Amino acid sequence: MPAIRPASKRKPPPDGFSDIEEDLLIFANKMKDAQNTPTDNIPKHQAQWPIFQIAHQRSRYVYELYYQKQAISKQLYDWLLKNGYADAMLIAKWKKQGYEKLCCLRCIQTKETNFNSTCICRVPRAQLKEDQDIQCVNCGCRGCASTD
RNA sequence: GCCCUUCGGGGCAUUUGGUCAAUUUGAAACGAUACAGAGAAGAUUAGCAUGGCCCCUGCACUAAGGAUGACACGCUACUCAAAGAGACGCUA
Ligand SMILES: [Zn+2]
Ligand SMILES: [Zn+2]
Ligand SMILES: [Zn+2]
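For the first sequence, counting from 1, position 129 maps to 257 in our numbering; every step adds exactly one.
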């Protein structure tokens, strides 16, 4: 349960959690630090970029600990996905052909753009200009096409 | 990056965003202060309307209030002459 239980109604995590617990608290403390990052010098939409970046990083850590290295059990993986330690839909896109490096879900929400497009960061870099350092207004992505 | 392959080649994925963060120079509103002081032909006053490039409060743009909310109190030649005498004089 994502809802907090006091101490005596908490159930223990599945086995193998204590091996990755330090990195999980590293990601949690990184996100808590991302909460307190000055917005005085950057545009408003740039204030929310590190949260999407850290969510991507933590989901990628869980995803490649289970699918590439296979160093965690399936029960532990489903418990991590169910208790908010990884974004299950972003992982689900990562297992698809062409979305393996997708930055975030909001960058493929085609129903919510002006002309029903994806984000410009979904575009392969070869079809973009040189000296064009694009930086996604949704998350700060600099290009998340699979060929990149 | 991955997948398919008759290793010739092919496939999956496809253009975000009305926002400079940056307050003197792209537009807030008063109050205090000074000043003036609430309509109906003596004095004192309850009101209800009327007209709209005057509004305020209100959910009320089918209430009720805001001094009867305020405002009105001004300014004023022009559809415009005819007579029958007399007369400085005109004139037949
Ligand atoms: Zn994104
Ligand atoms: Zn994007
Ligand atoms: Zn992206």
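Cβ coordinates follow ideal geometry from the N, Cα and C atoms, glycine included.
Do residue j and residue i have their beta-carbon atoms positioned less than 9 Å apart in this structure?
i: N266; j: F180; result: yes
i: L152; j: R186; result: yes
i: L208; j: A199; result: no
i: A183; j: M159; result: yes
i: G268; j: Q174; result: yes
i: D143; j: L204; result: yes
i: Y195; j: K223; result: yes
i: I236; j: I248; result: no
So residue i is in the alpha helix (DSSP H); what residue range does that whole segment cover?
i: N164; result: Run containing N164: none; DSSP gives neither H nor E here.
Can you tell me which of the options puts its alpha carbon nearest to the alpha carbon of residue i?
i: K210; options: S274, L233 and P141; result: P141
i: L230; options: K239, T246, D143 and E240; result: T246
i: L256; options: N244, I182 and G271; result: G271
i: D161; options: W177, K197 and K172; result: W177
i: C264; options: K139, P171 and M129; result: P171
i: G226; options: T165, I132 and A273; result: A273
i: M129; options: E228, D206 and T167; result: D206
Three or more beta-carbon pairs under 8 Å between the segment 181-191 and the segment 146-166, yes or no?
With the cut-off at 8 Å, the segment 181-191 and the segment 146-166 touch.
Counting only runs that start and end within the segment 194-262, where is the alpha helix (DSSP H) found for 4 or more residues in a row?
The segment 194-262 is shown to contain whole alpha helix (DSSP H) runs of 4 or more residues at 202-210 and 216-222, in chain order.
Inspect the CB distances between the segment 210-219 and the segment 240-254 and report whether three or more fall short of 8 Å.
No: the two stretches stay apart, fewer than three of their Cβ pairs being nearer than 8 Å.
4-residue-minimum alpha helix (DSSP H) runs that sit fully inside the segment 132-188, ordered along the chain:
Those alpha helix (DSSP H) runs which fall completely within the segment 132-188 and span 4+ residues are 145-163.
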